[PDB]
Structures are given as structure tokens and as C-alpha cells.
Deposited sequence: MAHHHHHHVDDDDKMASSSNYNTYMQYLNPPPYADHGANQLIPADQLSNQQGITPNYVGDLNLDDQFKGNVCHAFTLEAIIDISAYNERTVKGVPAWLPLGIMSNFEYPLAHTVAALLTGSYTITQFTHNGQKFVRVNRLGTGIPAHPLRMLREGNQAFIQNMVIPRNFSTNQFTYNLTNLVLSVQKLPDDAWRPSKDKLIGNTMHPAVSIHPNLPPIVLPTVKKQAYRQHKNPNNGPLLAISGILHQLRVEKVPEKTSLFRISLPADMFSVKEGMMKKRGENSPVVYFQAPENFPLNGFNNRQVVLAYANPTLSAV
């Protein structure tokens, strides 16, 4: 296995400010290999976004940087995946899948370039990026995060988890008598107008500013515009966020991956 080293703007003196969020990402160098092996392919592996109240930060960070990691491959429902493994015992209930379950899978085509089905991989180098999300990040309320309720969310790409959204203002679906539909219909109505922009001077991080006339920030954390941040690989193309759909997803991070 291989352990990472660190890069980021994280401040441990704020470990007790529960409303500080970090995006966590592994950045990897991978050597690929019967014929000549290719050395130095970089890849970007989001592990999650967490706020300090969800789990002690120092443990989280210590646990991540003390881990030895491995990369493996597997097929699932006829779809090629890549699993990065953190060796040894996980930690229960942990918001981030890597520490919780002791591994994290990615669709291969989100890590290995598409000129690669007869190739094996391994980690040459590993860096753990920890970046504080800006203060304008909207984030689900504590009870939604610990609950098992599902909420309106936007699937921005089929291979990224859906982005749970703030609550939709009653005013935005006046007409609709059905309240388990209303929010959903209102969202699909502007789904295709939403603009994804890359967050600058941050790696692997994107955001969507949402219309205020539709979305309320009353239910979140951290008098300002509703905006959601999400993680995608640093090299992910901007034109690749067009296959959108509206769904109901869990906010509770312990109930979303495969």
C-alpha cells in the first residue's frame, strides 16, 4: 500500500466550528500495464464533502493520511469500475465512505483515459486534498443528514451522485395541488437552465447558483443566495454536465453508494 501526503487550506483550530465544510479528494498517480507499461497517469478521486459537526475533524484527517491505499478493478452490472482501498479496519458510521467502509469505487471512465480493457493499475503516488468550501455553500440541515428521508435532488451526470437541493418555496409551485410532485415539477422546469461553473483556485470542485425566487436557504447552515457545491474530477469537461435529471435522493451520506 501507499500513504498520501497533504495539500489544502484546512485549519485545525476551527475543528470545533461545526459549520465548516471540507471537500476531500484523493489525487493519484497511476502506472498502467503484457506490453510496455505507462507511468504517470494522474487521476482525481472525490471522497466526499463533510462538515465538522458530522465527525471529529482531526480523527477524520489523521485517519485519512495514516491509511495505506491500493487500487483494484472490478466489473459491476457490466460496467467497469476501479476501487481504491484503504487497508485495515474502517470506522463505523463515518460520513465518508472511504473511512466508513474501507473502500471507494469509481466508474473507470472517470479515472482511466478512454484509450484504455486489458490493462492493470497501481498507485505510484497519492495526495489528499482538503479544501474548505466557501461560506456561501448551502448544505442540508443536520436532521436531514442523519435522517432517512429522501429529497428533491438533481442528477447532473449519471456517474456522479445526485445533488440534494434546498427546499422549493411554496410560492414556486402555487398551482400544484400535489405536494409530493410540486417541488419536483418546479425543478424540472428550470433544470436545463442551471449553469455549472468550476470553482477557481480549488481542485475537483463545482458549484451551481440557484434562482432565489424558487429555493429557500432557511433550512441549511453557515441572508444570501442559494448555491450548491459538488465534487467532480479536476479534468472533468464543462460540456459534460448536460445529461441532467430530477430525482429524490437521501441526504444522509451513510445511504448513498455502490
Missing residue ranges, deposited sequence indexing starting at 1: 1-51, 85-86, 170-171, 278-281
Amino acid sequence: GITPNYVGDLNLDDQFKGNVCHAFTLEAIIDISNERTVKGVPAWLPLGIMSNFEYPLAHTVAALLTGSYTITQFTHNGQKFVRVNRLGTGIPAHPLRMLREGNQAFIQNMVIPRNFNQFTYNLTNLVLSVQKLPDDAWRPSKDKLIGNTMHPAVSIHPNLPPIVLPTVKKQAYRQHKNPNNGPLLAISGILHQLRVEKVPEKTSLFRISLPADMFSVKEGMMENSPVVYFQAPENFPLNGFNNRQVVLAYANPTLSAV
From here on, numbers count along this sequence of modelled residues.
212-220 or 226-234, whichever carries the higher mean Cα B-factor: 212-220
Stretch with the greater mean C-alpha B-factor as recorded in the entry, comparing 8-16 against 21-29: 8-16
Per the PDB entry, maximal CA B factor within 129, 175, 167, 188: 175
Candidate set 155, 125, 108, 181 [ranked by C-alpha B-factor, highest]: 108
Cα B factor band for residue 37 (lowest, middle or highest third within the chain): highest
Among modelled residues of the same chain, the CA temperature factor third for residue 95: lowest
Third of the chain, ranked by Cα B-factor, where residue 146 sits: highest
Ranked C-alpha temperature factor of residue 112 among modelled chain residues, by third: highest
Record-listed C-alpha B factor of residue 82: chain third: highest
